[PDB]
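Coming up is one lone chain in structure tokens, specifically the form deposited without the ligand.
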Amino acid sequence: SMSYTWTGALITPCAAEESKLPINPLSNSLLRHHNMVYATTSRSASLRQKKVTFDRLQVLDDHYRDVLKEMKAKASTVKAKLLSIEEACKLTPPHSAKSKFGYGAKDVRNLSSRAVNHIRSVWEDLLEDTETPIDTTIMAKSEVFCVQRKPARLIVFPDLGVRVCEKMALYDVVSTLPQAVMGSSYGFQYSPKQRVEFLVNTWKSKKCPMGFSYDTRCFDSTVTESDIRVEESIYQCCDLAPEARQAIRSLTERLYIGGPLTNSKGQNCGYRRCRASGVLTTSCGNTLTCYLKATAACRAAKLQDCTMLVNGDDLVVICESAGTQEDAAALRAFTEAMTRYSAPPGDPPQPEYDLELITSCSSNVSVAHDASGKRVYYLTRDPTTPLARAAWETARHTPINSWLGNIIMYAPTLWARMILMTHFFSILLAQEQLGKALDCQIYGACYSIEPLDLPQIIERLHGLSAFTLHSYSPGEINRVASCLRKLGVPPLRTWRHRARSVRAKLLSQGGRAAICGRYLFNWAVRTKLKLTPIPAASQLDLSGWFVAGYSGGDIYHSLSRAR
């Protein structure tokens, strides 16, 4: 069946759309080639519609059926809880899209009578009606990139009331079921340090390792109605409250398998028969589907001792080599099996024999040295997108600060320490905003974090070595330096100079600012300050940070104030 059908109505914006990076003094201090930075808009939506619309042909076999039964036997151990309305309301981001029914995210979070009444009505409707397709809005996503232009990605999501109900029925399922089913292969249970440890230990565990990343083209569009019903068959193995069982059944038939598309103007846009990108099950469902197809494809390909690491549609496989020619042929057999399963490749996978050459979750393993000269493995990535987005976020107030998420997740990297920390601490200190909480995203969930709490966050995630790495690889240094020339970012010497300045100012303030000066900027001086465990680090409640993926799932993970 076609992933989408269209009526001809356009994918419309709801307000004015900015596509060019503004010429602003603060962003220009970071990145001077402003014309290279752009944001996607609804103006390119028709190009994306063409790419995501195609017929799916899916052929299932015994390997697929065998793996599915194995997955369901593991799902059968799970007991999932129905969330109360209050619990589901607290998981709603403060800036989540308002309902079309007269209330918004602040009303949901405040448990306003109108919001609660409407959520109760939507819940009862899911329990009573098993078939009426649920309306969804389709919008073009506004995302920033560096040239060499991508068309806008499309986001499809139901109304706020339905999103609260999805949490009630499925938040516990999507949070706990993936690790129960996939075990160590489930990527979202790992912090970046745990992920690098898992990749390095897996790589070194093979007698002669071979690894590859597998890029499915337009994954959400490749997801069939059969895949979404198979995903529900796994959720149904949980012990569930009867209302949760009916809600999951109704949500599957009325929303997850497909439904009508409406634009921002209220016009009928078309019909979807594939994965919606903006529902609570997007991450979990994609992860399960990708794991199932890949596990079965490994068996069809006769790949030896496969270890998968899956995050949604992002897949990396590490296995035992059977020799270069045999590996090349088995990888072609894997691709053929994935294609039969309706997961054809974007670019053909390539066998890799060096762990540092593999890109998974847009990241690669690299090596640096700690204060003792000991080798420390860590995850890095090409810094082009992070820098382009940091420049955008400097010129415009954006709802999500990718720069803050990048400092947290890529804290050990040369580029996050020398450029992102220096730039934003310099600006925030000048604005007396170091203690102002900002929103960022970790594995798709929204968190409100104060920049002054970064040292203890980084220590907990990455260890104290994140503040002592030096002797970065020549390849990594070259990639960063080349990116700076390309984007017109000042060279690393300028960053060191700016860091010494903000470091002095932070130290002069005492308190949490001085802890930022000491730990975050010790790299900038020859006269190193002594770095001991931060007392606040052991007290941090990082429950919920690295449990599951929630991208597109409308999840907020910071504390709700009492009432």
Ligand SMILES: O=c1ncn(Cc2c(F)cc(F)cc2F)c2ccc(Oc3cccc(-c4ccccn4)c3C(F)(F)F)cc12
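From 1 onward, residues are counted along the sequence shown.
Separately, the form deposited with the ligand bound exists; it is not shown, and the next lines address it.
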Contact at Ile248, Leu251 and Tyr256 by the ligand in the entry with it bound, all three, heavy atom at most 4.5 Å | no
Considering only heavy atoms, tell me if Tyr472 and the ligand come within 4.5 Å of each other in the entry with it bound.
-> yes
So in the entry with it bound, does any heavy atom of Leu414 sit within 4.5 Å of the ligand?
-> yes
Can any non-hydrogen atom of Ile458 be found within 4.5 angstroms of the ligand in the entry with it bound?
-> no
Decide whether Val108 counts as a contact residue for the ligand in the entry with it bound under a heavy atom distance cut-off of 4.5 Å.
-> no
Taking the partner as it appears in the entry with it bound, which of 504-512, 59-67, 491-499, 532-540 has residues with heavy atoms within 4.5 Å of the ligand?
-> 491-499
Identify which of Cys238, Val230, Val480, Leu438 has a heavy atom within 4.5 Å of the ligand in the entry with it bound; exactly one of them does.
-> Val480
In this chain shown alone, the residue from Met418, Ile134, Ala88, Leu428 with a heavy atom within 4.5 Å of the ligand in the entry with it bound is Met418
